[PDB]
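Q: Below is one structure. I have some questions about it.
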Amino acid sequence: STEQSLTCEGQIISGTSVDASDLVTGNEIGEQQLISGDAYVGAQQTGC
Amino acid sequence: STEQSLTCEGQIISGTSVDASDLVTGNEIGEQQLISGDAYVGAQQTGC
Amino acid sequence: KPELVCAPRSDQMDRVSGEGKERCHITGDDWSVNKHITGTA
Amino acid sequence: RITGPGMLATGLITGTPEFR
Amino acid sequence: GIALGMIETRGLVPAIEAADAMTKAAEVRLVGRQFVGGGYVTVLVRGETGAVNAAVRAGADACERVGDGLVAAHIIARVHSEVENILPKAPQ
Amino acid sequence: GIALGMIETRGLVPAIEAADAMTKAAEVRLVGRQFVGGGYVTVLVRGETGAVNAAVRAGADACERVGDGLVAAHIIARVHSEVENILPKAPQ
Amino acid sequence: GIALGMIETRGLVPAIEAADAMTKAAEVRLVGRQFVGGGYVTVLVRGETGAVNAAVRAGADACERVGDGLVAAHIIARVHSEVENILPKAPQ
Amino acid sequence: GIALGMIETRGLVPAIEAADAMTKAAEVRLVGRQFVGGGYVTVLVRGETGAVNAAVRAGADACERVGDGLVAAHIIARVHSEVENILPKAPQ
Amino acid sequence: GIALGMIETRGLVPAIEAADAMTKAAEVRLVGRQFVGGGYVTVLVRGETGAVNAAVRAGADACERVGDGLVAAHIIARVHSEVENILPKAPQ
Amino acid sequence: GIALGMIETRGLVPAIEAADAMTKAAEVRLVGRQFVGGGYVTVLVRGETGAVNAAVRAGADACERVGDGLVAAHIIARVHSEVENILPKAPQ
Amino acid sequence: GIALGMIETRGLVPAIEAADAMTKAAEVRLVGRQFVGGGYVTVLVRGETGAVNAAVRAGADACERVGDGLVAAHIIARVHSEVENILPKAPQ
Amino acid sequence: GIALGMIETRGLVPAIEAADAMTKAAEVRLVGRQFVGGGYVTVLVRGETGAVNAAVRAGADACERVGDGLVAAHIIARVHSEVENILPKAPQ
Amino acid sequence: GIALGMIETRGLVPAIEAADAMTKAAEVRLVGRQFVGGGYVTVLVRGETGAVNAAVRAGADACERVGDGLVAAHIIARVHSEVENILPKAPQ
Amino acid sequence: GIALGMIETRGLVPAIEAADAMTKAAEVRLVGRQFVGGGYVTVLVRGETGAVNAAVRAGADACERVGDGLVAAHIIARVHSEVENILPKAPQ
Amino acid sequence: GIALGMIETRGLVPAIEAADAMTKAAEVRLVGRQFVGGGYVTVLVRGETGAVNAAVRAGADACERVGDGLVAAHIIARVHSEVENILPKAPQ
Amino acid sequence: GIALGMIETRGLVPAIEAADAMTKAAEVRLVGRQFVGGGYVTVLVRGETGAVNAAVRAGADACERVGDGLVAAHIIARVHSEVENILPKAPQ
Amino acid sequence: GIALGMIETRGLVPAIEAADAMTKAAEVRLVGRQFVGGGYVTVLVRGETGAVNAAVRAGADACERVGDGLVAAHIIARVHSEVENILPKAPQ
Amino acid sequence: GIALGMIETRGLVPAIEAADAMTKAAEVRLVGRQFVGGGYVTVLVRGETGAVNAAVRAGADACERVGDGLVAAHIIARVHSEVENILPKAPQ
Amino acid sequence: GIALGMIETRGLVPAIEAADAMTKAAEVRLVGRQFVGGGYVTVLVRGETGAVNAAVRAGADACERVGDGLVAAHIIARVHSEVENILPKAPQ
Amino acid sequence: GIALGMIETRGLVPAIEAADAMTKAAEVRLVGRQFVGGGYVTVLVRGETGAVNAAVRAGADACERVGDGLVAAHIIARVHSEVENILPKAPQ
Amino acid sequence: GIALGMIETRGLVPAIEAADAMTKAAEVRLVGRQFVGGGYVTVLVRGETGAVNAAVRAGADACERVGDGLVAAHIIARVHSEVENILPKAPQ
Amino acid sequence: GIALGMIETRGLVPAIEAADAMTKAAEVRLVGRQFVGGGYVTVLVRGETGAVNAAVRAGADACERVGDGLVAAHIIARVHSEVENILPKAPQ
């Protein structure tokens with residue numbers, strides 16, 4: 001399943017995802033942090 | 001619904017699936033018939 | 001041992017009827033197979 | 001433990017004063 | 001193609017219906033209509049494994065309830081070279 | 001390969017996604033995208049029967065949740081000679 | 001390889017199925033197919049006695065479930081010269 | 001880069017705003033604007049996957065509240081060679 | 001063809017049986033057998049999508065009983081260009 | 001022919017019947033008959049493994065219902081070099 | 001591109017599937033398949049950070065179901081110059 | 001790359017820790033360390049948009065609990081041309 | 001001498017016992033002793049179908065109880081020409 | 001060696017099978033086959049005591065259920081010089 | 001320095017991550033990577049004892065959750081001359 | 001020495017106490033004392049990893065309660081070469 | 001002598017202890033030590049049948065309580081010539 | 001010397017630690033490191049009996065809790081002349 | 001033969017009975033009778049390993065209830081060449 | 001290095017054991033031993049802080065249970081210049 | 001060497017067993033075997049002091065449960081010149 | 001030799017008695033007698049590992065009952081080169 005990479009405003013981005021994965025490791029550091037500026041991750045990992 | 005494309009003997013045949021899909025149409029004529037001989041579709045639809 | 005080397009003539013008709021009949025228990029290095037062996041018919 | 005020809009026939013042989 | 005799909009029926013009418021459906025269904029080449037005897041009629045089509053499968057499934061659908069009906073529906077993806085001698089090369 | 005696979009969508013974005021999933025899925029040529037009007041976009045793929053089945057099935061699964069959605073995913077294993085006149089030949 | 005192995009079936013579809021499985025199963029050269037009449041079809045394969053036995057067993061299993069079914073399965077390791085006149089000499 | 005990011009909208013005002021946001025936000029090149037018909041306009045941008053994702057996240061937010069709305073936001077980090085035929089190479 | 005069919009097994013006897021069942025069942029060209037290590041062995045075949053599907057299905061079925069059985073049965077209808085550098089071209 | 005096939009009977013009439021059935025059934029050579037004593041008569045045939053198995057099976061069936069009966073049927077595919085010293089080279 | 005993305009699996013079939021999904025998912029370069037031993041096979045791709053992150057994520061999802069399964073999926077945005085000596089440059 | 005990743009910290013110790021993690025964790029190039037005044041220290045790192053995202057996330061977590069800690073972490077996927085005048089460009 | 005018989009065992013001691021029993025039973029040439037890895041050892045032999053069936057029975061019975069045990073006993077009366085490219089012809 | 005090993009059986013078929021197992025098993029030499037009369041047939045082998053123990057055990061286990069059966073299996077490590085007068089020196 | 005820092009893991013993905021963290025963490029010189037077989041992968045670094053302690057801690061806690069995991073993390077402050085022959089001086 | 005050890009204090013008096021404690025505890029060279037602004041004074045020492053660890057621990061304890069006290073004590077075994085551009089080389 | 005004794009163990013230390021114990025126990029010349037893989041090591045000796053029985057008993061006892069221990073101990077009183085090709089001649 | 005001491009461990013790290021302890025404790029020569037397979041690593045030392053006794057005891061203590069663990073520590077005061085062939089002479 | 005079998009008894013009468021039973025039982029040569037002193041008498045024989053086992057058991061059993069009884073019955077299949085210096089070679 | 005590691009023991013036997021353990025364990029140099037008086041022996045080593053930590057711990061462990069035992073084990077990472085007048089310069 | 005290892009037992013069987021275990025166990029030479037009288041039998045060896053210790057311990061363990069058992073085990077690392085007059089120079 | 005043996009005693013009389021016992025017991029060289037102070041007197045011997053092990057054992061046993069007694073008996077099989085700077089070479 002996927003939440004389809006919602007942006008903070010609520011729009012659904014589909015297709016390729018750079019978002020957090022439970023199977024994936026190495027890029028986990030700083031996943032939960034809310035980094036300001038241009039959005040590059042979903043509102044699921046950050047919670048924005 | 002991927003499920004798996006199982007065979008009559010119970011082996012999962014992963015990867016590309018030529019089995020009938022709910023979304024797909026036009027390849028659904030006699031999809032559930034028992035065609036003896038070489039196995040081309042999963043036992044998920046035809047049975048054995 | 002079963003009383004007769006070969007099985008009763010009426011017990012059944014063999015899978016392969018002539019010179020491939022399994023009714024007679026031919027001991028030794030015959031071409032039969034067992035449970036262990038796969039790849040057979 | 002140790003398989004081989006010495007394990008094949010059991011109780012069918014006679015005349016063997018094998019040690020132990 | 002090489003894959004062989006044969007539909008065996010009772011009587012000619014189901015066989016003609018099955019043959020009509022099979023050639024319409026996919027890219028298969030009707031290769032023969034053989035009178036086995038005793039009411040058996042067999043129609044053999046040749047093509048790719050995917051095409052033949054679509055034909056034999058479609059062809060068994062049409063003739064299942066036509067006349068006496070359908071006896072066997074078979075598909076062989078790759079027939080041994082020896083068997084190809086006992087198969088018709090084109091409908092006479 | 002003459003088998004025809006088709007994916008229709010409401011909007012170009014799913015159509016491009018479906019065409020990508022199809023062509024990636026199997027060895028099927030992309031033979032055009034027709035703007036039908038009213039928001040519909042249809043992407044046509046031609047290939048071998050087995051390849052088309054895998055491609056169209058893959059394409060439907062990919063663009064189902066993309067944009068406004070998937071309308072139709074259809075397969076025609078063999079088309080009548082007359083119908084080939086109304087089918088695009090190369091991408092546009 | 002002079003041994004003779006024969007499989008009889010009801011309908012041509014099992015007969016063609018049996019020949020595919022018999023030739024592929026072991027090293028037997030298909031030698032003919034004969035429409036007995038009344039729905040009986042017989043396929044004869046020659047070869048080494050051991051290989052011919054393996055082929056017939058494989059063919060019987062594969063063709064049993066297909067169509068009307070299997071009627072007979074036979075091997076003759078050394079066919080008498082008088083009978084060689086009635087056997088097919090090669091597939092036509 | 002070759003990653004493809006598409007944004008679909010109902011009208012040209014949200015499409016032009018999305019195109020402006022996408023090019024300003026990240027490093028992408030606007031490659032085409034398409035009138036799908038039915039009122040759907042698709043703006044396509046190309047670039048590296050990192051830039052394209054940032055661009056389409058900027059484009060989706062900008063055009064959500066402008067005009068009729070956003071229909072689809074899609075990223076294809078790598079498009080098949082065939083799909084590149086149906087995509088505009090540069091805006092005209 | 002461009003489709004790839006792989007069967008993974010525990011040991012070598014299932015792999016050889018699976019390879020035999022594939023090449024016999026459909027028109028698939030064996031490209032190699034790889035000793036992965038730890039008891040795994042994989043046999044890769046190439047052909048059209050329809051042929052490979054029939055081949056992989058036949059191979060997986062034939063090798064389930066033999067020995068430690070199979071580990072994976074997988075069809076990749078189209079392989080990307082990069083992956084071709086890690087697949088054997090001819091068996092050794 | 002290096003394989004050995006032996007049929008043992010109670011009396012001489014079953015032995016000669018077994019020797020006739022064994023020799024006419026497959027390509028084997030009747031290398032000897034031995035009066036074991038106590039009313040047991042062994043008939044031995046040397047041939048190939050496939051031929052011998054067919055012969056002995058033909059022999060067992062033939063002599064099963066002739067005279068007192070069949071005692072033993074045995075095949076030795078490989079006979080050690082020493083064992084041949086206790087086997088007749090040629091029939092008496 | 002310098003980011004490194006690795007996927008480890010129990011067997012070669014999951015590894016090849018992961019390599020296919022990874023190379024198709026984003027613009028990443030396959031640089032090596034390693035037989036670690038004990039049935040573990042690792043595939044390394046090299047590309048841009050955004051590309052590798054997308055590639056590895058897709059690869060992990062695809063190969064999880066295939067075969068014994070997925071062991072490790074890892075992304076390293078920049079490897080120290082010392083590590084690169086133990087990293088393959090191109091597939092074997 | 002033209003994307004900019006900024007981390008602002010209360011003190012210099014967290015700033016050095018952030019700059020260390022940022023530069024080690026991706027391709028990003030450290031460009032400046034500006035004492036804003038009042039205890040604020042800004043560490044600016046320029047690279048691609050994908051690389052900068054990985055670095056800023058690593059840096060932000062690195063200095064979250066070092067000293068007073070992270071004030072703000074910011075990413076600009078594309079910096080406008082004019083802003084580059086007020087941005088540090090020298091290595092220091 | 002075409003029929004192939006393979007015995008797979010856990011360890012080399014049960015494999016050598018199987019090879020000895022397989023070879024003693026009938027006229028089969030020992031073609032390969034393959035170390036699969038992970039503890040699997042496979043001994044392949046080749047000969048006439050009748051001899052191979054006798055040989056494999058002796059091997060499966062002889063090595064069943066020796067050491068860790070027997071894994072697989074498999075016979076193929078005729079292998080496809082493709083498979084022979086992956087079968088050892090001389091043991092090393 | 002001089003250790004004597006004897007196996008007595010009811011009939012000759014058990015005797016030949018026993019002799020084959022004995023000579024195949026260990027380094028013994030077949031020195032005689034005695035027709036005791038009344039359907040008792042004895043096979044005598046001479047060799048070293050270790051070899052004869054293995055040879056006799058193989059012979060008893062091999063012919064235990066072949067034909068009428070086994071009567072006796074004995075091993076004499078050293079026969080008195082007197083007994084040599086009644087033991088055959090070579091078989092005929 | 002002369003001290004040695006070792007990290008052993010189950011797989012190659014954890015080993016590379018440990019090697020990456022080790023080299024980045026402190027002033028250590030990655031010397032060797034070993035495929036111990038059975039999944040064990042060893043990465044050895046050299047440097048000052050204080051540096052090695054820092055690196056191994058960074059590598060141990062960085063590679064613990066990736067892949068199967070960390071098996072052994074160990075330091076040797078001084079290494080005997082005899083052991084230097086069994087350690088890999090060259091980077092690979 | 002390459003390791004970096006930093007202590008941040010609120011006020012200069014604790015910083016000089018920290019510098020005194022750090023430089024007396026181990027062989028660490030004081031590289032700089034920076035007035036960040038807002039009443040933060042950072043003292044940086046460069047030495048070997050062991051010396052830096054010992055010195056920083058002593059520095060934090062010594063100035064823990066002196067004046068306003070401590071803000072941060074941080075040890076970096078190796079700083080990326082790019083970070084060294086933003087570090088003092090000699091004290092001022 | 002031509003009798004063959006084999007001891008299979010988990011690890012190499014039990015194998016070396018076994019080989020040492022067997023050679024010292026009786027007249028058995030060590031002929032090979034084969035690494036089967038997966039932890040299995042096998043030591044093979046040749047000698048008279050009586051000697052091999054004593055040597056194998058000693059070797060089995062010696063390696064029973066060493067490390068992971070013993071797996072298989074087997075004696076073959078006579079080995080066929082064909083199996084000599086898969087037996088080490090002298091240890092390497 | 002002549003005395004032989006072996007320590008077998010699971011993985012390489014325990015073995016390297018054992019080797020360091022053995023070569024530091026007494027005057028022994030590290031004659032070989034042998035990757036047995038499946039994770040087993042063996043280190044063999046040679047020297048005088050007293051020296052080897054101390055070396056192996058020290059090695060067993062050192063690597064007991066290091067990594068996966070110790071498998072076996074074995075001393076042989078004098079190996080047979082035959083065993084000297086299988087033992088290593090100097091390390092790779 | 002090298003194999004040595006020694007039986008120790010109290011008094012001479014059991015030794016003569018033990019010597020008699022040993023020699024009669026198997027092909028062992030009597031090499032020495034030794035009066036150790038204090039009533040001990042040791043009888044040594046040399047032969048094959050199998051012969052010595054048969055003899056020593058025969059001797060041990062025979063002399064148990066003769067005279068004072070049996071002290072020991074020891075078998076050494078092979079004695080180190082050094083021990084052969086202190087062993088008698090012919091009884092006196 | 002300049003860090004000083006000291007071990008004080010009762011008697012010389014513990015001290016020499018500590019010196020051997022300390023020098024063997026880490027990269028430190030023995031600078032001298034002093035008989036304090038009243039059965040006190042102090043052994044001093046100078047080196048880098050990391051090595052001295054490892055050295056002293058090894059020395060304290062080694063000599064704890066030797067002779068009367070260990071009194072003290074101290075590490076001064078940096079000794080004031082004045083203390084160097086009382087410390088030994090080189091061992092005597 | 002010069003060290004003397006003496007093992008004393010009651011009877012000759014235990015002594016011969018002890019001489020065989022001693023010489024096989026370690027690198028020692030059997031100088032003699034003296035009949036003390038009253039039953040006691042002493043076996044003396046010579047070798048390095050460490051080798052002799054290993055041999056005697058193995059010798060004691062071997063012969064303590066053979067016959068009337070072990071009486072005395074001894075080692076003399078240096079034997080005075082006078083005692084050498086009363087020692088057996090070489091075995092008889 | 002290189003191995004060092006050490007005995008510590010309360011007083012000089014046990015020290016001299018120990019020294020005599022060591023040198024008389026085995027071929028060792030007495031290299032020093034040290035007055036530690038407080039009563040302790042240390043006698044050091046150097047030789048082979050086996051010789052020193054015997055020498056120290058004899059020294060401890062003889063010295064135990066003489067005077068105040070024995071404090072320590074210690075061997076060091078290899079003495080690190082740095083530790084030889086604090087070891088007497090010739091006795092005083």
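Letters for chains follow the order of the structure tokens (A, B, ...), residue numbers begin at 1 for each chain, and ligand numbers begin at 1 in the order shown.
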Do a neighbour search on residue 31 (chain V) at 6 Å with only C-alpha atoms, toss out local chain neighbours closer than 4 positions, and write the hits as a ChimeraX atom specification.

A: /V:44-45,88-91

Q: Would you write out those residues with N, CA and C atoms, as a compact mmCIF listing (two decimals), in the first residue's frame?

A:
# COMPACT_ATOMS: atom_id res chain seq x y z
N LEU V 44 66.10 -15.77 37.78
CA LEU V 44 65.61 -15.85 36.42
C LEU V 44 66.45 -16.84 35.62
N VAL V 45 65.77 -17.72 34.89
CA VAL V 45 66.43 -18.68 34.02
C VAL V 45 65.91 -18.48 32.60
N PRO V 88 68.26 -9.14 33.44
CA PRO V 88 69.70 -9.42 33.46
C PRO V 88 70.07 -10.45 32.40
N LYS V 89 71.22 -10.23 31.77
CA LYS V 89 71.74 -11.14 30.76
C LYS V 89 72.74 -12.14 31.33
N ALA V 90 73.71 -11.65 32.10
CA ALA V 90 74.61 -12.51 32.85
C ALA V 90 74.42 -12.27 34.34
N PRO V 91 74.49 -13.31 35.17
CA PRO V 91 74.21 -13.12 36.60
C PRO V 91 75.28 -12.29 37.29

Q: Counting only C-alpha atoms, a student should be able to say which residues of chain P come within 10 Å of chain O; what is the right answer, written as a list in words?

A: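 Listing them in order of chain and number gives residues 1, 2, 3, 48, 49, 50, 51, 52, 53, 76, 77, 78, 79 and 80 of chain P.
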
Q: Take the selection from the previous step and output its residues with N, CA, C and O atoms, as a PDB file, in the first residue's frame.

A:
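Okay, this is what ended up in part-v9.pdb:
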ATOM      1  N   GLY P   1      48.156  15.867  15.098  1.00  0.00           N
ATOM      2  CA  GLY P   1      46.780  15.448  15.492  1.00  0.00           C
ATOM      3  C   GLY P   1      45.722  15.943  14.528  1.00  0.00           C
ATOM      4  O   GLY P   1      45.806  17.063  14.026  1.00  0.00           O
ATOM      5  N   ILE P   2      44.725  15.101  14.269  1.00  0.00           N
ATOM      6  CA  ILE P   2      43.643  15.450  13.359  1.00  0.00           C
ATOM      7  C   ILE P   2      42.291  15.544  14.049  1.00  0.00           C
ATOM      8  O   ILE P   2      41.407  16.256  13.546  1.00  0.00           O
ATOM      9  N   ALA P   3      42.083  14.863  15.172  1.00  0.00           N
ATOM     10  CA  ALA P   3      40.803  14.939  15.860  1.00  0.00           C
ATOM     11  C   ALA P   3      40.569  16.346  16.384  1.00  0.00           C
ATOM     12  O   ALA P   3      41.511  17.059  16.737  1.00  0.00           O
ATOM     13  N   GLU P  48      45.514  14.021  18.813  1.00  0.00           N
ATOM     14  CA  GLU P  48      45.186  12.640  18.507  1.00  0.00           C
ATOM     15  C   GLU P  48      43.896  12.242  19.218  1.00  0.00           C
ATOM     16  O   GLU P  48      43.508  12.828  20.233  1.00  0.00           O
ATOM     17  N   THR P  49      43.228  11.226  18.672  1.00  0.00           N
ATOM     18  CA  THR P  49      41.898  10.871  19.157  1.00  0.00           C
ATOM     19  C   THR P  49      41.910  10.604  20.658  1.00  0.00           C
ATOM     20  O   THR P  49      41.029  11.069  21.389  1.00  0.00           O
ATOM     21  N   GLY P  50      42.903   9.855  21.137  1.00  0.00           N
ATOM     22  CA  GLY P  50      42.985   9.595  22.564  1.00  0.00           C
ATOM     23  C   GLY P  50      43.202  10.859  23.373  1.00  0.00           C
ATOM     24  O   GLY P  50      42.553  11.068  24.400  1.00  0.00           O
ATOM     25  N   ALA P  51      44.117  11.718  22.922  1.00  0.00           N
ATOM     26  CA  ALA P  51      44.381  12.959  23.640  1.00  0.00           C
ATOM     27  C   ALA P  51      43.170  13.877  23.612  1.00  0.00           C
ATOM     28  O   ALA P  51      42.843  14.518  24.617  1.00  0.00           O
ATOM     29  N   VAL P  52      42.494  13.962  22.466  1.00  0.00           N
ATOM     30  CA  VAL P  52      41.323  14.826  22.361  1.00  0.00           C
ATOM     31  C   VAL P  52      40.224  14.348  23.298  1.00  0.00           C
ATOM     32  O   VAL P  52      39.575  15.150  23.978  1.00  0.00           O
ATOM     33  N   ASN P  53      39.993  13.035  23.348  1.00  0.00           N
ATOM     34  CA  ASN P  53      38.971  12.509  24.244  1.00  0.00           C
ATOM     35  C   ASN P  53      39.303  12.835  25.694  1.00  0.00           C
ATOM     36  O   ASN P  53      38.441  13.290  26.452  1.00  0.00           O
ATOM     37  N   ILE P  76      35.282  15.190  17.566  1.00  0.00           N
ATOM     38  CA  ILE P  76      35.204  14.690  16.200  1.00  0.00           C
ATOM     39  C   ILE P  76      36.542  14.044  15.876  1.00  0.00           C
ATOM     40  O   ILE P  76      37.568  14.732  15.811  1.00  0.00           O
ATOM     41  N   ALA P  77      36.531  12.725  15.673  1.00  0.00           N
ATOM     42  CA  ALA P  77      37.777  12.006  15.433  1.00  0.00           C
ATOM     43  C   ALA P  77      38.443  12.470  14.145  1.00  0.00           C
ATOM     44  O   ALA P  77      39.668  12.628  14.094  1.00  0.00           O
ATOM     45  N   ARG P  78      37.657  12.684  13.094  1.00  0.00           N
ATOM     46  CA  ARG P  78      38.168  13.229  11.844  1.00  0.00           C
ATOM     47  C   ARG P  78      37.133  14.167  11.252  1.00  0.00           C
ATOM     48  O   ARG P  78      35.960  13.804  11.131  1.00  0.00           O
ATOM     49  N   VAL P  79      37.571  15.365  10.882  1.00  0.00           N
ATOM     50  CA  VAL P  79      36.717  16.357  10.244  1.00  0.00           C
ATOM     51  C   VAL P  79      36.976  16.316   8.746  1.00  0.00           C
ATOM     52  O   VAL P  79      38.133  16.301   8.309  1.00  0.00           O
ATOM     53  N   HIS P  80      35.902  16.285   7.961  1.00  0.00           N
ATOM     54  CA  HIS P  80      36.036  16.304   6.513  1.00  0.00           C
ATOM     55  C   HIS P  80      36.956  17.440   6.088  1.00  0.00           C
ATOM     56  O   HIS P  80      36.973  18.507   6.703  1.00  0.00           O
TER      57      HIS P  80
END

Q: So how far away is CA of residue 21 (chain K) from CA of residue 33 (chain K), in Å?

A: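 One can read the CA of residue 33 (chain K) to CA of residue 21 (chain K) distance as 14.5 Å.
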
Q: With only C-alpha atoms as the counted atoms, please give the residues lying no more than 12 Å from residue 9 (chain B), apart from itself and same-chain residues fewer than 4 positions off, as a ChimeraX atom specification.

A: /B:5,13,39,42-44,47-48 /I:57-65

Q: Would you give me, as number ranges by chain, the residues in region 1-91 of chain I that DSSP reads as helix (DSSP H, G or I)?

A: I: 13-25, 49-63, 82-85
